[PDB]
Amino acid sequence: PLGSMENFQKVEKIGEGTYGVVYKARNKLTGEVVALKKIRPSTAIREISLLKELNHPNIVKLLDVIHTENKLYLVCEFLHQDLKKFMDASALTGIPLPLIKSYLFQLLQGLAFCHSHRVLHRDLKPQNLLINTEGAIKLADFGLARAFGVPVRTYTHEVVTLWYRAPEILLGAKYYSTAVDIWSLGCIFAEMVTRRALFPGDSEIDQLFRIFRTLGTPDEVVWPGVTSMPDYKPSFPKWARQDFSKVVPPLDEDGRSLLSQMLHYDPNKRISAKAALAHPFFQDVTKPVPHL
Ligand SMILES: *CCC(=O)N1CCCc2cc(C(=O)OC)ccc21
């Protein structure tokens, strides 16, 4: 579908994702400019095709799903850039708190929407959060992890980041709930505020032990069942829990409260997206225009 004579002409390479390359492309027939993901499996085609109806203003629009000549292509709307580039462009000054708050509010709306339709993402990270120039932010790639799994390395052998991965996934839980996305978004909220990743693990055990060093080694008091998880070891070091006050300065008390609730160990206790939207942190939310 992408080429000189095809439905889509390539304009430039945008990025490389977990499953394939993403090009900015133009569609010869409609004039439309799109982002076209090329991935190089029937159950997955049925599942991904159902995502075309999961439309919301904070979800990157899925225009089409094409299966042809042993490739799967996803055609998405095109936006400005991803949040990882925006954070980097923003590094000397940081993203202003009111824009962090508007982005978090909008991301919680997109999660609330997908979760109400029983679709989870399970691999949220700044690279799949896309912004436009007007102040909106949207989530890309919902539902693709359920379709394909999350591999250790990408198609180009790149390491798939662990930094946003919830502790129940690292501890080898068999069942993932929508809570896994609230954990990832809490980690991304902290990184916007502090301008550094919260838990930049470089292996599964470094990621777990970074989480325990900040939030305390979990036990049965705070997380019933934790000592029976598959990958839990009684020999894990017992670290004391840090104050949030140290973790995400200069976030205000309402922001720390909300973040603490997005980072509860027990996925059952973790705040839901719908409840997060009602949190007092958002009482004064606005929609600022980003400085690009
Ligand atoms: C269908 C395209 C896609 O899967 N994604 C995943 C993340 C990369 C990306 C980038 C854009 C974009 O607008 O860059 C500005 C849109 C969609 C996606």
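Each residue of the sequence shown is one higher than the one before, starting from -10 at the first, in this note's numbering. Cβ atoms here follow ideal geometry from the backbone N, Cα and C, with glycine treated the same way.
Assignment of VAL182 by DSSP, reduced to helix, strand and coil, places it in the helix class.
Under the three-pair Cβ rule at 8 Å, the segment 70 to 84 does not count as touching the segment 145 to 161. Here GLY4 carries a strand assignment [DSSP, helix/strand/coil]. Segment contact: the segment 167 to 185 against the segment 91 to 98, three or more CB-CB distances shorter than 8 Å; contact assigned. In the DSSP assignment, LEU52 falls within the beta strand (DSSP E) that extends over 51 to 57. In this structure, the CA atom of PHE178 is about 43 Å from the CA atom of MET(-6). One Cα belongs to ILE84, the other to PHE270, and the distance between them is close to 17 Å. By alpha-carbon distance to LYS263, the top candidate from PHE102, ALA155, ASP220 is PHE102. For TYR221, the three-state secondary structure derived from DSSP is coil. When the beta-carbon positions are compared, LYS60 and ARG29 come within less than 8 Å of each other. Within the same chain, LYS26, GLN116, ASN117, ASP130, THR143 come within 8 Å of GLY6 by CB-CB distance, once the 5 residues on both sides are set aside.
Within 7 Å of the C-beta of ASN117 there is at least one heavy atom belonging to ligand 1. At least 8 Å separates the beta-carbon of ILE3 from that of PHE75. In this structure, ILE126 is the residue among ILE126, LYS73, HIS69, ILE37 with its C-alpha nearest to the C-alpha of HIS45. DSSP places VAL10 within a strand segment (E or B) once states are collapsed to three. Take the alpha-carbon of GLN250 and the one of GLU42: they are about 31 Å apart. Short note on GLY6: C-beta closer than 7 Å to some heavy atom of ligand 1. In the structure shown, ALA78 falls within a helical segment according to DSSP collapsed to helix, strand and coil.
For the 8 Å CB-CB criterion, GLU21 and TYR12 do not form a contact.
Judged by beta-carbon spacing, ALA168 lies within the 8 Å limit of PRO256, meaning their Cβ atoms are closer than that value. Taken atom to atom, the span from the alpha-carbon of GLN196 to that of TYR153 is near 9 Å. Within the DSSP bridge table, the entry for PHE(-3) names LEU(-9), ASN16 as partners. Around the Cβ of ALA24, a 10 Å sphere holds 16 or more other Cβ atoms; the residue is buried. In this structure, ligand 1 has no non-hydrogen atom nearer than 7 Å to the beta-carbon of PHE75.
The segment 225 to 238 makes contact with the segment 203 to 213; the number of CB pairs closer than 8 Å reaches 3 or more. By the neighbour-count criterion, in which a residue is buried when 16 or more other Cβ atoms sit within 10 angstroms of its Cβ, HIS146 is exposed. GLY214 counts as exposed, since fewer than 16 other C-beta atoms from the protein chains shown sit within 10 angstroms of its C-beta. DSSP places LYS235 inside the alpha helix (DSSP H), whose first and last residues are 233 to 236. Beta-bridge analysis with DSSP links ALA265 to no other residue. Within its own chain, the residues whose Cβ lies closer than 7 Å to the Cβ of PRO(-10), once the five positions on either side in sequence are excluded, are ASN(-4), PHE(-3), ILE55, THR57, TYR62, listed in chain order.
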